[PDB]
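The next block holds one structure in the form of structure tokens; read it before the comments.
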Amino acid sequence: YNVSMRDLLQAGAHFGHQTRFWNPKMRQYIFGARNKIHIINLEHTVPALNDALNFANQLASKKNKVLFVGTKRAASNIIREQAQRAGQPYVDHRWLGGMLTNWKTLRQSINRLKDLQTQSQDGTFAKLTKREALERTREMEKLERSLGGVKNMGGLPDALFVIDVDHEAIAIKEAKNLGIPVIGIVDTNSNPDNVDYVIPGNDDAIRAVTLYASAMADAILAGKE
RNA sequence: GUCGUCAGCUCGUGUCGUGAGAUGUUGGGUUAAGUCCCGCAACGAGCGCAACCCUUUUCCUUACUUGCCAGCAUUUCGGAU
């Protein structure tokens, strides 16, 4: 399931953002700049990626939980497919404030969505008229769109996998508050302070995030115990 | 009585602040209305608004007197009989 770095170079993980937006805390991984943008050297990318894959493998083996989080328009469908075929919950859409630190109140909306799914399997809408059916379907739509990811999961996940740490900084803070480890993809214009396993690489490239999430899903599938 | 039939007034978990506090309740449209929809460290609730009450506008059922008179008959031409 390892990438070696053939595929990383092919996908384009080395590319980064412009030199005027960089965070001075990535100087170790900056390596150099071919043009006005930075180029992270994959020499540092591959070992951290391998360790992240091994850690995901070990958690999958001991049955511990990892949540998936990527909310960018580029990575939304990618994490959709990968979390679906890896059988883990996900946050494809916006992170809700306090989803982890205030899980008790979110369980109520989780139960509401699950009960509404049971009602959808039921037939009460046949007795009700078309209008109230149209609304109840639209609350169905909004709650599924917001928190349809985490309905199956019943507790705090034992780890987080973050596509863009700068975009999902709130989830990073909540995970730090509750002690949950985080493995995340970090680019040049990002802060790696609060991430336990810092893998540096590009996040804008759809093919690169596809590679990362496919590697993660393959690791969890290959846990197989 | 009045502001004034003005549209607002609050509470519980979670975050920020040493703190009193803030957030939610803000921002974009819309409405008679904190009425409804989006985004958004917020996630949820109560009293307010609206509806439930009375009256008016169309039709149906039940009811046929002290109220009614389309058809029939008698009329002093008055449903008078």
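Throughout, protein chains are lettered first and strands after them, A, B, ... in sequence-line order, and every chain is numbered starting at 1. In what follows, every heavy atom counts, from backbone to side chain, and hydrogens, waters and symmetry copies are set aside.
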When you match A:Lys104 and A:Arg138 each to their closest nucleotide on RNA chain B, which lands nearer the 5' end? A:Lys104
Taking the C1' atom of each, how far is B:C69 from B:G78, in whole Å? 14 Å
I'd like to know if the side chain of A:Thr71 pairs up with that of A:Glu168 as donor and acceptor (distance under 3.5 Å, no hydrogens or angles considered). yes
Intra-strand stack B:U10 & B:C11, ring centres under 5.5 Å, planes under 30°: yes
Where does B:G78 land, syn or anti, once you apply the within-90°-of-0 test for syn? syn
CZ of A:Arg145: more than 12 outside heavy atoms within 6.0 angstrom? yes
Taking the sign of the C1'-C2'-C3'-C4' torsion, positive for north and negative for south, which way does the sugar of B:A32 pucker? north
How far does the P atom of B:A45 sit from the matching atom of B:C36, given to the nearest Å? 14 Å
Distance between P atoms of B:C43 and B:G48 (Å, rounded): 26 Å
The correct pucker label for B:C72, given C1'-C2'-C3'-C4' positive equals north and negative equals south, is north
Please check, using ring centres under 5.5 Å and planes under 30°, whether the bases of B:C53 and B:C52 stack on one another. no
Looking at B:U25, is it paired to B:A42 in the Watson-Crick or G-U wobble sense, both distances under 3.5 Å? no
Using the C1'-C2'-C3'-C4' torsion, classify the pucker of B:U30 as north or south, with positive meaning north. north
If you measure from the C1' atom in B:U31 to the same atom in B:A20, how many Å do you get, rounded? 38 Å
Which whole number of Å gives the distance between the P atom of B:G71 and that of B:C64? 24 Å
Partner nucleotide of B:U5 by Watson-Crick or wobble geometry (both distances under 3.5 Å): none
In whole Å, measure the gap between the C1' atoms of B:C40 and B:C3 for me. 36 Å
Neighbour count >12 (heavy atoms, 6.0 Å) for atom OH, A:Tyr90: yes
By the stacking rule (ring centres under 5.5 Å, planes under 30°), does B:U55 stack with B:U56? yes
Distance between the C1' atoms of B:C53 and B:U58, in whole angstroms? 23 Å
For A:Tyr212, which residues count as a ring pair (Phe, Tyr, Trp, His ring centres under 6.0 Å) partner, sequence neighbours excluded? none
Looking at B:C54, which nucleotide sits across from it as a Watson-Crick or G-U wobble partner, both distances under 3.5 angstrom, or is there none? none
Whether B:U30 and B:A63 form a base pair should be assessed as Watson-Crick or G-U wobble, both distances under 3.5 Å. Do they? no
Two-distance pair criterion under 3.5 Å, Watson-Crick or G-U, for B:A22 and B:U15: yes
Any strand counts, and the cut-off is 3.5 Å on both contacts for Watson-Crick or G-U wobble. Which nucleotide pairs with B:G39? none
Any side-chain to backbone donor/acceptor pair from A:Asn177 onto A:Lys173? Under 3.5 Å, distance only. no
Any chance B:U26 and B:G12 qualify as a Watson-Crick or G-U wobble pair, both distances under 3.5 Å? no
Under a 4.0 Å heavy-atom criterion, RNA chain B is touched by chain A from B:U13 to B:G44
Using a 3.5 Å distance criterion without hydrogens, assess whether the side chain of A:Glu174 forms a donor-acceptor pair with backbone atoms of A:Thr101. yes
Taking atom P in both B:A42 and B:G28, what distance in whole Å separates the two? 16 Å
I want to confirm an ordering. Mapping A:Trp95 and A:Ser109 to their closest nucleotides on RNA chain B, which one lands closer to the 5' end? A:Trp95
Using the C1'-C2'-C3'-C4' torsion, classify the pucker of B:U76 as north or south, with positive meaning north. south
By sign alone, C1'-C2'-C3'-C4' of B:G67 puts its sugar north or south? north
Do you know which two heavy atoms are closest between A:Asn23 and A:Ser190, and how far apart they sit? CB-O, 3.3 Å
Would you say that more than 12 heavy atoms from the other residues, nucleotides or ligands in this model lie under 6.0 Å from the CG of A:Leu106, or not? yes
Wobble or Watson-Crick pair present, B:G8 with B:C47, both under 3.5 Å: yes
I'd like to know if B:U35 pairs with B:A80, where a pair means Watson-Crick or G-U wobble geometry with both distances below 3.5 Å. no
Is the B:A41-B:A42 step stacked (ring centres under 5.5 angstrom, plane angle under 30°)? no
Should we count CZ of A:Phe55 as having more than 12 external heavy atoms under 6.0 Å? yes
B:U5 and B:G4, neighbours in the strand: six-membered ring centres under 5.5 Å and planes under 30°? no
